[PDB]
Amino acid sequence: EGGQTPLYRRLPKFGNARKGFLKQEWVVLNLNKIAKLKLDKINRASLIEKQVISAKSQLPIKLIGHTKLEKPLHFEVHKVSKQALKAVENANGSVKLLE
Amino acid sequence: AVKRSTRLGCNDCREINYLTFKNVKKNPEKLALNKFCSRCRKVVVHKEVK
Amino acid sequence: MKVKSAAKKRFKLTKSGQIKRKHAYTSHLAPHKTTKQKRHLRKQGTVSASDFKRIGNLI
RNA sequence: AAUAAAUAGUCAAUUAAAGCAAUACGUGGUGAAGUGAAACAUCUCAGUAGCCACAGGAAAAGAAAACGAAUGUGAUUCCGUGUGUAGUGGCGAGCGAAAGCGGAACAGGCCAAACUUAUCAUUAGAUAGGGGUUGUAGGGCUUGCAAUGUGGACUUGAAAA
RNA sequence: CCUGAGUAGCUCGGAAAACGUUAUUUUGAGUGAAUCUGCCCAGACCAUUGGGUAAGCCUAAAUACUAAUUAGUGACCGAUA
RNA sequence: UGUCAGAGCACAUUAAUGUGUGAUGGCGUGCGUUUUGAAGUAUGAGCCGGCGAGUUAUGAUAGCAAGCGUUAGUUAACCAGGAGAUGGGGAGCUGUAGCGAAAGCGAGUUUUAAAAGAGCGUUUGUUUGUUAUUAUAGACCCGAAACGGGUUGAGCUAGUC
RNA sequence: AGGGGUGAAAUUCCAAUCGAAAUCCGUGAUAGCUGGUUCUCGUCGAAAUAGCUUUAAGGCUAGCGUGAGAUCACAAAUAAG
RNA sequence: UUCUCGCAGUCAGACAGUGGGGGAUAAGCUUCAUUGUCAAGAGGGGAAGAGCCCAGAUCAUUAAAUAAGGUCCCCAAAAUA
RNA sequence: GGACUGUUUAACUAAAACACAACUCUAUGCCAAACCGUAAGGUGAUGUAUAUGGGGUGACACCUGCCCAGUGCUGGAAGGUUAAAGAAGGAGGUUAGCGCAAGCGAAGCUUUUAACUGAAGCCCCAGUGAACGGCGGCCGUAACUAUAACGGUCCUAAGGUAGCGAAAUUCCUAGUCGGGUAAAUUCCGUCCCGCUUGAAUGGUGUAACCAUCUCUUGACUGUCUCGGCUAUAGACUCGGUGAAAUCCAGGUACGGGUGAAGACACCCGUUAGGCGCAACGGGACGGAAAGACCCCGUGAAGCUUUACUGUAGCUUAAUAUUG
RNA sequence: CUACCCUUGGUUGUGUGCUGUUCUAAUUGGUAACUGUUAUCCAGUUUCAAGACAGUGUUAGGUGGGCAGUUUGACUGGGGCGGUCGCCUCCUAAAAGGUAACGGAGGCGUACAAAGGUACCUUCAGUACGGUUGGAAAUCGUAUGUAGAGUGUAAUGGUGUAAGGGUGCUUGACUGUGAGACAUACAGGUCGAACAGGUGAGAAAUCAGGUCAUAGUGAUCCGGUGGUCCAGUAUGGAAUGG
């Protein structure tokens with residue numbers, strides 16, 4: 001900027017232990033968006049037909065939800081939310097926590 | 001320009017709590033404070049160190 | 001062009017801007033500043049609106 | 001010839017590139033600078049330019065002591081993506097992945113050894129052969145049944161298009 | 001019985017690797033293992049586990065370019081170009 | 001050194017208070033450059049004519065417009081094709097929930113004993129055409145003594161033979 | 001025969017030019033410094049300030065205008081108190 | 001002229017008055033705070049003047065009333081006590 | 001002033017510069033010493049200390065005073081220190097295993113910086129003045145004044161010796177003095193308060209010599225007093241011939257002012273028929289050289305060094321050659 | 001009688017280099033000779049002088065302006081030289097504030113387990129007077145004295161029952177914060193309501209987030225120490241890290 005020390009070099013740096021490694025990833029299933037999704041017993045192969053998850057891959061699944069729904073669906077995800085689990089159980093569906 | 005730094009730390013868990021000053025010329029004697037300790041979550045006697 | 005290594009190592013971006021950064025003048029000389037100043041600059045924040053303009057067109 | 005002999009050397013005969021050029025490449029070797037950091041030495045451009053040698057019309061690289069962390073793939077080369085990721089650097093300027101994917105193209109073979117045969121005053125420890133190219137371990141060794149072939153990294157003859 | 005030895009690793013400096021020397025490959029000097037229950041790799045190192053079998057050689061294939069020849073072309077300039 | 005008047009003089013048009021010259025009167029210190037400020041004795045120009053210096057590649061930002069459309073879309077490299085649009089190829093990118101450096105949690109996250117407080121949150125779209133700006137590539141362009149590598153040079157001339 | 005040569009040596013000379021020739025290539029070196037930048041019209045309208053900067057003929061931000069949009073007025077301004 | 005965004009721009013100002021500092025309270029001098037002007041702004045008067053007073057130019061206008069200022073003539077108009 | 005015969009900065013300048021025979025010193029015993037390069041190879045040298053390289057001065061006469069404090073150079077091996085390097089030793093990491101716990105811990109491998117040793121070198125002990133260099137003050141003191149022979153005095157490692165002294169050397173200062181000189185700040189001999197002279201960056205002189213400098217004079221004359229004349233060539237006119245820098249456009253007067261602060265162009269007065277030639281220059285801040293003066297540029301180039309980082313090279317140890 | 005171990009002197013035995021050496025067969029040679037070749041080189045051989053050295057290679061020292069690359073700040077009322085470069089108080093400085101010089105002045109890289117907090121109580125400087133040592137000024141007594149001491153200190157402002165004197169409990173000179181404001185380009189810096197825990201003071205009241213306030217320090221790396229609900233390159237640790 002002209003000769004003064006630049007803004008960043010005045011600021012300190014941020015440290016992260018996980019160097020040389022990849023961040024943890026999943027495929028997340030939002031609740032308010034699957035309302036228009038019309039299919040029970042969700043799984044990997046079912047969502048590929050909607051082009052949300054890549055077929056030539058392998059990645060755990062993640063569940064999130066804070067809304068009320070009535071259609072009973074059977075979820076197959078590797079991570080669950082307890083409040084979302086209760087809410088979806090109030091919908092007469094089923095959820096199994098995958099390893 | 002002068003160095004009066006001394007580190008008061010806990011004794012039940014050996015913390016490093018507070019940096020303070022105390023003139024070594026008047027007395028080179030240890031001072032035992034009583035202040036709060038996190039890992040003990042209570043007021044304990046802290047002792048001085050370099 | 002390509003992003004700057006120093007910038008990405010010192011700028012944290014989240015939803016809708018609001019760059020996150022820490023406060024300096026804390027990590028070297030403890031006795032030179034009071035504990036009130038130390039914890040007041042211990043937290044995180046975002047730079048002013050003028051510098052917001054200066055950085056928004058820079059990244 | 002020294003040095004008996006043999007050598008070296010000398011003479012004689014046969015075969016090779018020997019050289020030149022397309023400012024284009026490719027390979028190998030050698031090997032500066034200024035530019036920037038509004039300074040500069042670490043650094044950057046940069047193994048840049050340049051110089052030399054080589055052969056080619058294509059070359060090099062090429063077959064896991066490969067990757068890599070998944071019941072993952074199974075020569076290599078090249079194009080986008082991954083990606084400016086993880087990172088590296090007076091952590092300054094700057095520098096830039098590794099797998100995977102979408103792709104073009106997609107052939108794997110040949111040696112020495114143990115083991116043995118014939119030839120080297122057959123002390124050769126060499127010559128020419130059978131064999132043999134190894135981790136879904138295998139080969140040499142003793143000892144059987146089979147298999148009557150396919151493709152090439154491939155010979156010229158004959159015709160045709 | 002065999003599986004490529006002054007061989008690999010290692011020390012003193014390096015180079016190539018995103019790479020400034022760090023796993024990985026190599027050397028100017030020195031060094032000196034292994035025999036298949038082997039040995040190497042899995043960005044120091046060990047155990048465990050998984051993967052691999054070098055230290056000999058070869059290999060057109062996709063890809064860079066038209067000095068030069070042929071046929072055709074240009075929302076290429078038209079003799080201060 | 002011309003303007004406006006203005007008789008006079010010579011006249012006859014893109015039919016028009018027609019044109020050309022101007023005795024005289026009134027007025028009247030050039031054109032750029034950069035400078036606090038240039039009428040200047042600051043500089044550039046002898047004149048004429050021709051030529052003569054803000055584009056593009058990729059990338060980001062902001063604006064305008066349109067297409068598409070809230071589990072949208074665009075396809076990249078590429079393949080069939082007058083080397084065409086296009087069709088196919090969904091590899092990847094944006095938003096779709098985020099918090100942080102993280103184990104992880106999640107309409108909450110982290111800081112904290114806090115369910116205290118505070119921060120960030122609490123979806124508000126994508127692709128192109130275009131304009132301008134910005135980033136690197138020579139990046140409006142002219143300009144130096146510069147630096148490094150290579151090369152000709154003792155017949156001028158110095159010394160020697 | 002120039003990261004040199006030559007020199008009874010004065011910065012002498014090295015094709016009229018030498019405190020280190022000329023030529024080609026990098027190369028269109030760099031230039032915070034001089035120079036200029038080429039058709040027209042419509043609207044608003046400056047500053048020549050403070051700090052920092054090896055900062056002083058340079059750059060950044062705050063102010064000093066504009067382009068568009070929103071804020072409807074307890075806001076800013078014009079006067080009285 | 002309040003908030004966002006695009007977008008420059010300058011950091012060399014100059015002068016008269018006002019309160020000043022330096023200076024020697026000398027300077028068309030310098031260093032500030034106020035008003036004004038030029039730069040970016042033409043006009044009249046001050047004889048000729050960047051700065052003063054009167055003033056803010058859309059075009060035409062051989063029309064008028066005016067601002068400062070002025071009325072023997074040059075050069076436009078006045079005299080009376 | 002320098003000894004000269006001489007070398008010279010082509011194309012600004014020749015000496016008080018260099019040079020020289022000579023003098024002085026150091027180093028050098030053959031693969032000499034040194035130098036070129038990298039190396040072969042090569043000069044020195046097809047040389048052998050009466051010789052060579054290098055350093056300094058520069059006929060000849062006479063001398064060269066002191067100091068090794070600091071730097072250098074050499075010698076020195078006692079003592080302190082001293083890298084690379086060789087390797088005493090230990091903890092740690094793992095666990096075959098001892099284990100229900102706590103923990104413990106074999107062997108292999110792996111990070112460690114060492115014990116000890118470890119050269120050159122540095123510190124240190126002496127010398128080295130024809131090596132780099134330096135070589136002081138203050139106060140008081142004489143029966144003439146005056147003067148300072150002297151005495152006391154501190155620091156340094158040690159206080160200018162001979163000589164020459166207002167010179168090529170003195171700012172004050174144009175200091176005298178005696179001069180030549182009618183009238184001498186530069187000309188001469190002398191006086192000695194010598195800032196910051198002074199003995200190998202040699203010194204004091206020295207006969208001759210000098211495109212060297214200065215001083216006085218003989219004669220000499222147009223250099224001058226003091227100006228003028230003569231003849232060619234141009235310049236002048238006529239014929240043939242055919243060139244430049246520069247140049248915004250211009251038909252281009254002055255006084256007083258004015259003003260970017262020095263007017264041909266502006267304001268008020270004044271002056272001038274138009275056009276050539278012989279002319280020389282006051283102006284047109286005349287032409288030519290983006291000044292060669294100074295300053296700025298984090299501009300360039302170069303040089304020096306007790307600036308920095310390296311490096312050519314020399315050289316020491318370990319190590320392979322290497323028994 | 002005997003099982004274990006300390007100081008010193010020897011001490012059979014080896015591992016080693018080091019000091020001095022003997023020999024050549026490694027090696028050097030510009031010792032001399034023969035042949036190639038009827039050749040100053042060179043090749044082979046012999047001889048001689050040396051001989052584990054020299055030279056050479058590497059590593060690491062010492063020396064090394066011969067050489068390479070660079071550096072040599074700024075403001076300057078011409079330059080260089082000179083002074084300063086940061087922080088804070090007063091006047092300049094236009095009765096808020098803001099606001100220049102190479103202006104006039106001044107201080108700063110602090111002090112402190114007390115000069116801190118709290119509760120208790122106490123209130124001048126001075127002058128005059130009266131007194132052995134005993135001064136112009138020692139301490140007390142009596143007053144007067146209204147700011148003329150002190151509130152670490154260079155200065156400013158405030159400070160008279162105070163912010164000072166002494167007495168007592170101690171150590172909030174806490175932890176996590178933090179709305180709201182302060183003035184500004186930024187870095188920043190200033191106060192601070194109020195809450196949670198858990199304290200000290202004093203019966204409680206409430207106070208205590210350093211002093212009466214305004215000066216009394218330099219980020220960011222880099223490297224280092226303790227601890228950490230953290231990660232751990234196939235697994236575990238370790239290592240390496242946050």
# chains A, B, ... in the order shown; residues from 1 in each chain; ligands from 1
call {"tool": "residues_around", "arguments": {"residues": "segment 1-11 of chain E", "least_positions_apart": "3", "cutoff": "10 Å", "atoms": "only C-alpha atoms (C1' of nucleotides)", "output": "VMD selection string"}}
result
(chain D and resid 112 to 115 133 to 134 138 to 141) or (chain E and resid 30 to 36 40 53 to 56)
call {"tool": "residues_around", "arguments": {"residues": "residue 257 of chain I", "least_positions_apart": "5", "cutoff": "12 Å", "atoms": "only C-alpha atoms (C1' of nucleotides)", "output": "MDAnalysis selection string"}}
result
(chainID H and resid 47:48) or (chainID I and resid 263 266:269)
call {"tool": "residues_around", "arguments": {"residues": "segment 1-13 of chain H", "least_positions_apart": "6", "cutoff": "8 Å", "atoms": "only C-alpha atoms (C1' of nucleotides)", "output": "ChimeraX atom specification"}}
result
/F:36,62-63 /G:46-49,66-67,71,75-76
call {"tool": "write_last_selection", "arguments": {"atoms": "C-alpha atoms (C1' of nucleotides)", "output": "PDB file, in the first residue's frame"}}
result
ATOM      1  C1'   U F  36       0.127  28.818  -6.495  1.00  0.00           C
ATOM      2  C1'   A F  62     -19.511  -4.036  -9.434  1.00  0.00           C
ATOM      3  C1'   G F  63     -23.518  -2.689 -12.770  1.00  0.00           C
TER       4        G F  63
ATOM      5  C1'   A G  46     -13.323  19.498  -6.144  1.00  0.00           C
ATOM      6  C1'   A G  47      -9.379  19.442  -3.088  1.00  0.00           C
ATOM      7  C1'   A G  48      -4.503  21.471  -2.904  1.00  0.00           C
ATOM      8  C1'   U G  49      -6.404  18.942   4.157  1.00  0.00           C
ATOM      9  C1'   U G  66     -20.282  12.159  -8.401  1.00  0.00           C
ATOM     10  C1'   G G  67     -23.247   7.383 -10.401  1.00  0.00           C
ATOM     11  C1'   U G  71     -33.872   6.396   4.435  1.00  0.00           C
ATOM     12  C1'   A G  75     -32.695  13.610  10.272  1.00  0.00           C
ATOM     13  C1'   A G  76     -29.573  17.556   8.048  1.00  0.00           C
TER      14        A G  76
END
call {"tool": "closest_residue", "arguments": {"among": "J:158, J:109, J:126, J:135", "to": "chain B", "atoms": "only C-alpha atoms (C1' of nucleotides)"}}
result
J:109
call {"tool": "interface_residues", "arguments": {"of": "chain B", "to": "chain C", "cutoff": "8 Å", "atoms": "only C-alpha atoms", "output": "ChimeraX atom specification"}}
result
/B:5,19-20
call {"tool": "interface_residues", "arguments": {"of": "chain A", "to": "chain C", "cutoff": "12 Å", "atoms": "only C-alpha atoms", "output": "list in words"}}
result
residues 1, 6, 7, 8, 9, 10, 11, 12, 13, 14, 15 and 16 of chain A
call {"tool": "write_last_selection", "arguments": {"atoms": "N, CA and C atoms", "output": "CSV table (one decimal), in the first residue's frame"}}
result
chain,number,residue,atom,x,y,z
A,1,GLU,N,0.8,-1.2,0.0
A,1,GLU,CA,0.0,0.0,0.0
A,1,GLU,C,0.8,1.3,0.0
A,6,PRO,N,2.0,-4.3,5.7
A,6,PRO,CA,0.6,-4.7,5.2
A,6,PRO,C,-0.2,-5.2,6.4
A,7,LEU,N,-1.5,-5.1,6.2
A,7,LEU,CA,-2.5,-5.4,7.2
A,7,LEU,C,-2.4,-6.8,7.8
A,8,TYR,N,-2.1,-7.8,6.9
A,8,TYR,CA,-2.0,-9.2,7.4
A,8,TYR,C,-0.8,-9.3,8.3
A,9,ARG,N,0.4,-8.8,7.9
A,9,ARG,CA,1.6,-9.0,8.6
A,9,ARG,C,1.6,-8.4,10.0
A,10,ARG,N,0.7,-7.4,10.2
A,10,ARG,CA,0.5,-6.9,11.6
A,10,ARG,C,-0.3,-7.9,12.4
A,11,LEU,N,-1.3,-8.5,11.8
A,11,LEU,CA,-2.1,-9.5,12.5
A,11,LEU,C,-1.3,-10.8,12.7
A,12,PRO,N,-1.7,-11.5,13.8
A,12,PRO,CA,-1.0,-12.8,14.0
A,12,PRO,C,-1.6,-13.9,13.1
A,13,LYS,N,-1.0,-15.1,13.2
A,13,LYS,CA,-1.4,-16.2,12.4
A,13,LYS,C,-2.4,-17.2,13.2
A,14,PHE,N,-3.1,-18.0,12.4
A,14,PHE,CA,-4.0,-19.0,13.0
A,14,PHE,C,-3.3,-20.4,12.9
A,15,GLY,N,-3.3,-21.1,14.0
A,15,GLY,CA,-2.7,-22.4,14.0
A,15,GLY,C,-3.8,-23.5,13.9
A,16,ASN,N,-3.4,-24.6,13.2
A,16,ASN,CA,-4.3,-25.7,13.1
A,16,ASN,C,-3.5,-27.0,13.1
call {"tool": "atom_distance", "arguments": {"atom1": "atom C1' of residue 259 of chain I", "atom2": "atom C1' of residue 45 of chain H"}}
result
19.3 Å
